[PDB]
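A single chain comes next, written as structure tokens; it is the form deposited in one PDB entry.
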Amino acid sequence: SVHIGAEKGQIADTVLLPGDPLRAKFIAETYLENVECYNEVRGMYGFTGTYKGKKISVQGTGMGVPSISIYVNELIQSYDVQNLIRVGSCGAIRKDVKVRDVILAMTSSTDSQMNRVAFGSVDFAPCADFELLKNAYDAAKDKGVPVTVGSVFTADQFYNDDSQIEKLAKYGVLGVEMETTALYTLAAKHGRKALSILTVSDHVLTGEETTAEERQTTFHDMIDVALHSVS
């Protein structure tokens, strides 16, 4: 791994994938036991520890398809990671979706060219691993966390003058985020299992917005679901 300063063996078979390396640090220190930091390259922290006896890693991915693609490719190809669960944030694009709602993404649309590069005329629809998604859905029931299950939009441009969020929302899309298409596509291509669990961090229609700090350290429900679903 050009971008991960770890030795083979230091990363668990199951990895949680926030975009924010400081959230990775918060998750690891708040939820895991006997935490070791295996990566500090580019400040993109990665940690390994235990949750109720099961080994779990937590790896920052950065923002956007290209950043997450680097980390996910390295985790799969160099570290033999099997289960990859993004624990991210998203902007709500529908009135019925509220700030702090937890979303389980079945699939994601995108304006990244990554799949057109591979398929040309084909629209490739990425797909969550159903087993992971079902386990998350059951974990949410166990933990009393309401979840919304549906699709999201993986944006390349956070500030997009040509945004089609209005049409995407009319087509049922719940929220905008920046990573899921890459995670789902790369995991499937390599026969690994992926899922994106998202917390709504802001509402694109109303302007309601959580702070940087809130995003870093207060989205506890999605971590509860993620960790309970794998253990």
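Note that residue numbering begins at 1 and tracks the sequence as displayed. For clarity, a rigid core is taken as the largest C-alpha set superposing within 1.5 Å between two forms.
Novice: May I ask you to compare 36 to 44 and 64 to 72 by their mean CA B factor in the entry and name the higher one?
Specialist: Mean B over CA atoms: larger for 36 to 44.
Novice: Output the stretch having the higher mean C-alpha B factor in the entry; the candidates are 176 to 184 and 53 to 61.
Specialist: The entry gives the higher C-alpha B-factor average to 53 to 61.
Novice: By the recorded C-alpha temperature factor, relative to the other modelled residues in its chain, which third is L17 in?
Specialist: According to the entry, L17 has a C-alpha B-factor in the chain's lowest third.
Novice: Split into thirds by Cα B-factor across the chain's modelled residues, where does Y79 land: lowest, middle or highest?
Specialist: Its C-alpha B-factor belongs to the highest third of this chain's values.
Novice: If you rank every modelled residue in this chain by C-alpha B factor, which third holds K134: lowest, middle or highest?
Specialist: It belongs to the middle third of the chain when residues are ordered by C-alpha B-factor.
Novice: For the chain shown, is the CA B-factor of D156 in the lowest, middle or highest third of its modelled residues?
Specialist: According to the entry, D156 has a C-alpha B-factor in the chain's lowest third.
Novice: If you rank the chain by CA B-factor, which third does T206 end up in: lowest, middle or highest?
Specialist: Its C-alpha B-factor, which the entry lists for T206, ranks in the highest third among residues of this chain.
The form solved in complex with a small molecule is left out here; the points below concern that form.
Novice: Among 127 to 135, 97 to 105, 81 to 89, 142 to 150, which stretch has residues with heavy atoms no more than 4.5 Å from the small molecule in the deposited bound form?
Specialist: Stretch with heavy atoms near the partner: 81 to 89.
Novice: Residue-level question: is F119 within 4.5 Å of the small molecule in the deposited bound form, judged on heavy atoms?
Specialist: Answer no; every heavy atom of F119 is more than 4.5 Å from the small molecule in the deposited bound form.
Novice: Can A28 be called a contact residue for the small molecule in the deposited bound form at 4.5 Å between heavy atoms?
Specialist: No, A28 sits far enough from the small molecule in the deposited bound form that none of its heavy atoms falls within 4.5 Å.
Novice: Contact between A188 and the small molecule in the deposited bound form at 4.5 Å, heavy atoms?
Specialist: Although the small molecule is absent here, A188 would stay clear of it in the deposited bound form, with no heavy atoms inside 4.5 Å.
Novice: Under a 4.5 Å heavy atom criterion, is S201 part of the interface with the small molecule in the deposited bound form?
Specialist: Residue-level check for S201: yes, a contact with the small molecule.
Novice: Just checking, between this form and the one not shown and with the core aligned, does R215 shift 2 Å or more at the CA?
Specialist: It does shift by 2 Å or more.
Novice: Looking in the deposited bound form, are the Cα atoms of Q216 and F158 closer together or farther apart than here, the change being 3 Å or more?
Specialist: Compared with the form shown here, the C-alpha atoms of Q216 and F158 sit farther apart in the deposited bound form, by 3 Å or more.
Novice: Given that the shift is 3 Å or more, do the Cα atoms of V200 and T218 end up closer or farther apart in the deposited bound form than in this form?
Specialist: Those two alpha carbons end up closer in the deposited bound form.
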